[PDB]
Amino acid sequence: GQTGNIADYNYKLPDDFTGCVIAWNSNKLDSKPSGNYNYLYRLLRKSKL
Amino acid sequence: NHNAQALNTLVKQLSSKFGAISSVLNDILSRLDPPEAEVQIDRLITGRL
């Protein structure tokens, strides 16, 4: 039931989703002084996913 | 008369809100997100049943 850029254009949890969302910090591994440009996301699309 | 009265009462109870945002279902569907709109529609359905 949450709407946002990531939710609508990248990945949408279904309305009746069953499960657990697991998140943890990854600054140690996924961050570099040069910059982790490898990861991408989408912010422009014709219609919601 | 009673029969007619009953019918009118029934129709009038379509305009009541039953603690929802509004009586019109389209207004609730447009204004609120489906996860939030489900609760309002549930209240209206219970009242009309």
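Residues numbered from 1 in each chain as written, not as in the entry; some residues may be left out. Chains lettered and ligands numbered in written order. Part of a larger assembly, values for the part shown. Heavy atoms only, no water.

In terms of determination method and resolution, the entry is listed under cryo-EM at 2.87 Å.

Caption draft 1: Expanded view of the overall build of chain A. The helix and strand tally for chain A stands at two helices and zero strands. For chain A, the proportion of its 49 residues judged to be buried stands at 6%. Accessible surface for chain A amounts to roughly 5000 Å². Of this, 56% is attributable to carbon and sulfur atoms. The averaged location of the 4 negative side-chain charges in chain A is 12 Å from the averaged location of its 7 positive side-chain charges. (Helix = DSSP H or I, 4+ residues; strand = E, 2+ residues; numbered from the N terminus. Buried < 20%, exposed > 50% of the residue type's maximum accessible area, 1.4 Å probe, protein only. Areas by Shrake-Rupley, 256 points an atom, 1.4 Å probe, with all protein chains shown as cover. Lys, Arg positive; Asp, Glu negative; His and termini not counted. Charge placed at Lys NZ, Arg CZ, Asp CG, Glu CD.)

Caption draft 2: Focus on helix 3 (residues 34-48) of chain B. Residues and elements named next belong to chain B. Under the 1.5 Å per step criterion, the end-to-end length of helix 3 is 20 Å for 15 residues, consistent within 8% with the ideal 21 Å. Here helix 3 has its buried residues at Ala37, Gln40, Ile41 and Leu44. Burial along helix 3 is one-sided: seen end-on, the buried residues are contained in an arc of 100 degrees. Tucked inside the fold, the buried residues of helix 3 contact helix 2 (25-31). (Expected span 1.5 Å × (residues − 1). Arc of directions from axis to C-beta. Contact = heavy atoms within 4.5 Å.)

Caption draft 3: Structural view of the pattern of salt bridges. Residue and element names in this part refer to chain A. Counted by the stated rule, this structure contains two salt bridges over all chains. Here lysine 48 and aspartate 8 are joined by a salt bridge, their closest N and O atoms 3.6 Å apart. Of this pair, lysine 48 sits in the segment after helix 2 (27-30) while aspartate 8 sits in helix 1 (residues 5-9), and the two are 40 residues apart along the sequence. Note on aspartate 8: relative accessible area 12%, which makes it buried. (Salt bridge = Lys/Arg side-chain N within 4 Å of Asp/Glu carboxyl O.)

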